[PDB]
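In: Task: produce atomic coordinates for the following.
(one chain, ligands or ions: 1)
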Amino acid sequence: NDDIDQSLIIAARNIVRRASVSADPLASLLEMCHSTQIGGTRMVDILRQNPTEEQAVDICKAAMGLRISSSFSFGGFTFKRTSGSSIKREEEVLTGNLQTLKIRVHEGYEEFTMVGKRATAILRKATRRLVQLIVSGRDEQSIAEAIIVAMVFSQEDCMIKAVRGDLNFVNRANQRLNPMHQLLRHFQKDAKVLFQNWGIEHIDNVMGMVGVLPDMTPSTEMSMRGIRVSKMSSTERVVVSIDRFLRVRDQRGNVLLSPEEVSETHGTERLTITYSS
Ligand SMILES: O=C(O)[C@H]1[C@H]2CC[C@H](CC2)[C@@H]1Nc1nc(-c2n[nH]c3ncc(F)cc23)ncc1F
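Out: Numbering: from 1, shown residues only. This is the structure:
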């Protein structure tokens with residue numbers, strides 16, 4: 001039933017936002033999920049039996065020890081590893097404003113699939129290197145957003161040095177964002193410099209694959225390095241941890257979800273959401 005899911009998501013998102021601004025968001029979130037009711041039934045009972053995988057929903061599921069999708073969310077996009085592997089190595093890099101950031105750099109060749117509300121992509125990358133990106137979204141803006149995420153996700157030096165400012169982004173709870181999100185929010189405010197310094201190259205026009213330029217204009221002759229455009233599976237469930245501030249981590253310690261990665265809501269629920277604590 002799609003009506004339950006639509007309302008569950010709407011409820012989950014509101015709960016995570018309202019909990020995130022608490023002193024102990026995890027406690028606050030557990031209180032809200034126990035008493036809030038969707039269409040009569042208690043929410044806890046829905047999470048236990050509902051198959052929906054969503055950022056806010058999987059946060060709530062994780063909060064009560066339920067298995068969730070191994071995939072992780074970054075910049076709104078759901079990354080699933082199709083091939084390859086990497087390992088973590090806390091490096092320290094230098095931005096284009098001489099600000100130092102301690103970043104978890106991933107070493108190894110990986111293949112991914114990015115999925116978003118308004119764009120998808122296949123992303124090949126390796127140690128601080130974007131090999132290939134085949135984005136395919138709704139329109140210009142939705143596709144640019146997907147490329148910005150890919151560039152920041154790649155951890156390439158040109159992207160790091162493309163920073164032109166001091167990164168002091170905070171969240172609803174007025175806490176500093178972790179490095180990778182600091183970079184992301186900066187290049188979402190304006191990706192002008194990022195796209196210039198990324199670099200262009202000559203492309204060999206193949207069907208479907210169309211190139212794109214730093215101004216977001218196509219070309220069958222030249223495109224940006226590794227980035228192509230186009231037009232148009234199973235789920236592994238795994239145990240996950242959650243801490244005070246609703247940061248969900250897999251066993252290997254990588255942040256799968258956080259309040260920072262939940263979308264905004266439309267708030268036209270088909271079922272009855274009574275928010276009790
Ligand atoms: O590293 C983390 O703790 C999180 C942070 C928020 C989302 C992202 C990006 C940073 C990351 N989560 C995860 N990242 C990765 C990953 N694999 N290969 C990568 N290359 C660069 C990168 F940058 C992250 C990754 N694999 C599993 C994850 F679960």
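
In: quick one, phi/psi of the residue nearest the centre of the chain?
Out: Nearest to the geometric centre of the chain sits residue 74, at 1.8 Å (C-alpha atoms, centre = their mean). Phi and psi for residue 74, reported as degrees, to the nearest 10, are phi -140, psi 130.

In: who's in contact with it?
Out: Counting by C-beta atoms under 8 Å, 6 or more residues apart in numbering, residue 74 touches 149, 153, 180, 184, 261. To be clear about C-beta, it is placed using only N, CA and C from the backbone, and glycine gets the same treatment.

In: Quick check: residues of the stretch 101-250 of the chain near the ligand?
Out: Residues of the stretch 101-250 of the chain lying close to the ligand by C-beta under 6 Å from any ligand atom are 104, 106, 110, 153, 155, 180, 250.

In: any idea how far residue 87 is from the closest residue to the ligand within the stretch 151-277 of the chain?
Out: Taking C-beta to the nearest ligand atom, the ligand has its nearest neighbour within the stretch 151-277 of the chain at residue 254, 3.1 Å off. Residue 254 sits 11 Å away from residue 87 when distances are taken as C-beta to C-beta, to the nearest Å.

In: Then residue 268?
Out: Where residue 87 is concerned, residue 268 sits at a distance of 44 Å (C-beta to C-beta).

In: re earlier: could you identify the most distant pair in the residues of the stretch 101-250 of the chain next to the ligand?
Out: 155 and 250 (19.0 Å; C-beta to C-beta).

In: In terms of neighbours, single out the busier of the two.
Out: Under the criterion of other C-beta atoms under 10 Å, the comparison of residue 155 against residue 250 puts residue 155 first, with 21 against 17.

In: State the phi and psi torsions of the residue nearest to that one when sequence neighbours are not counted.
Out: The shortest distance from residue 155 to any residue other than its chain neighbours is 4.6 Å, reached at residue 128 (C-beta to C-beta, 6 or more residues apart in numbering). Main-chain torsions, residue 128, degrees, to the nearest 10: phi 50, psi 40.
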